[PDB]
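Below is one structure, written out as structure tokens, with a few remarks after it.
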Number of protein chains: 2
Amino acid sequence: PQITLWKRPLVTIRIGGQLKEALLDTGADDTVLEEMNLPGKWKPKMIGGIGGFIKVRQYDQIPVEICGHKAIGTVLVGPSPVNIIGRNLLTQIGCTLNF
Amino acid sequence: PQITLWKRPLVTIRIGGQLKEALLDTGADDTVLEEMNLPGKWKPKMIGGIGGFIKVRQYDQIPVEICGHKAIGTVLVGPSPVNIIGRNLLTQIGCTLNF
Ligand SMILES: CC(C)(C)NC(=O)[C@@H]1C[C@@H]2CCCC[C@@H]2CN1C[C@@H](O)[C@H](Cc1ccccc1)NC(=O)[C@H](CC(N)=O)NC(=O)c1ccc2ccccc2n1
């Protein structure tokens, strides 16, 4: 589809079979999720943006479906106010910026 | 242009007569530039990101040229590792997300 930027580009994703709302974020290298209790091994990581760094848990090879387009890769879980879909998964769904 | 996302969507902009590299960021509501001088009055403001809140200088009605496209709007100046072009300006240049 085509997603306009008049409002935050929030879309429904499925991860762990849960449905969530998440921000399509061309400025994010990573995919960062609101705290959720995913099973599996993880590695600690620190990621940064405006305001500083937060501690997150890195889970690998997690399926994430984005408006019906399937992806699989790394998701970082921790105390973010918003679920963010970053470039690692936006590339997998063939997302471009256009103007 | 059509811009893919296997690398950061960094483009050249012109602001205040100077060229800068900036990130095309669909996740950012606002446009936030690294600390610099701009002409005119500014007002103190605060904005929040993944790592928490920062103090910024708000400049209104600033012209910014983004890959040759003209925008004129609010630019926030503050401590950042990256010059970020947010939706307030992306929408002025007709930028959408597509997949
Ligand atoms: C820019 C404003 C403040 C207007 N908005 C944001 O920061 C929004 C805020 C919402 C709500 C909180 C969670 C984050 C989301 C989306 N961000 C926008 C992002 O696109 C944001 C933009 C940004 C890029 C680079 C530096 C600072 C801000 N990106 C990130 O926060 C992500 C997190 C991540 N690791 O995926 N960051 C980066 O991609 C990144 C790249 C390079 C780099 C270099 C040095 C230091 C930090 C850093 N972060």
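The figures that follow rest on heavy atoms only: side chains count, while hydrogens, waters and symmetry mates do not. Here is the naming used below: chain letters follow the sequence lines, and residue numbers restart at 1 for every chain.
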Completion exercise
Applying salt bridge (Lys or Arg N to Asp or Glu O under 4.0 Å) to A:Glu34 and not counting sequence neighbours gives none
Fill in the blank from the handout: Rounding to 0.5 Å, atoms CG (B:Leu90) and CG (B:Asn88) come to a distance of 7.5 Å
Exercise for the section: Please check if any side-chain donor atom of B:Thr74 sits under 3.5 Å from a side-chain acceptor atom of B:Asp60, or the reverse. Expected result: yes
Problem - Flag, side chain of A:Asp30 to backbone of A:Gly86, donor-acceptor distance under 3.5 Å - result: no
Problem - From CD1 (B:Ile54) to CE (B:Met46), nearest 0.5 Å - result: 9.0 Å
Exercise for the section: Return the minimal non-hydrogen interatomic distance between B:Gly78 and B:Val56, and the atom names on each side. Expected result: CA-CG1, 4.1 Å
Practice task
Flag yes if more than 12 heavy atoms outside B:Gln61 fall under 6.0 Å of its CD atom; otherwise flag no.
Solution key: no
Problem - Flag, side chain of A:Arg14 to backbone of A:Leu19, donor-acceptor distance under 3.5 Å - result: no
Exercise for the section: Please determine if A:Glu21 and A:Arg8 form a salt bridge, counting it only when a charged side-chain N lies under 4.0 Å from a carboxylate O. Expected result: no
Exercise for the section: Using atom types as modelled and distance alone, determine if a side-chain donor or acceptor of A:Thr26 lies under 3.5 Å from a backbone N or O of B:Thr26. Expected result: yes
Exercise for the section: For A:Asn83, check side-chain hydrogen bond (donor to acceptor under 3.5 Å, both in side chains) against everything at least two apart and list the hits. Expected result: none
Practice task
Using modelled atom types only, decide if a donor and an acceptor are shared between the side chain of A:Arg57 and the backbone of A:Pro44 within a distance under 3.5 Å.
Solution key: no
Handout entry: A:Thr31 OG1 to A:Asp25 CG distance, which is reported to the nearest 0.5 Å
Key = 9.0 Å
Exercise for the section: Report yes or no: does B:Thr4 contribute a side-chain atom to a donor-acceptor pair with the main-chain N or O of B:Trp6 at less than 3.5 Å? Expected result: no
Completion exercise
In terms of heavy-atom contacts, B:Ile3 and B:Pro9 come closest through CG2-CB, 4.2 Å
Handout entry: Flag, side chain of A:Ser80 to backbone of A:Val82, donor-acceptor distance under 3.5 Å
Key = yes
Exercise for the section: Look at the aromatic rings of B:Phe99 and A:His69 and report parallel, tilted or perpendicular, splitting at 30° and 60°. Expected result: perpendicular
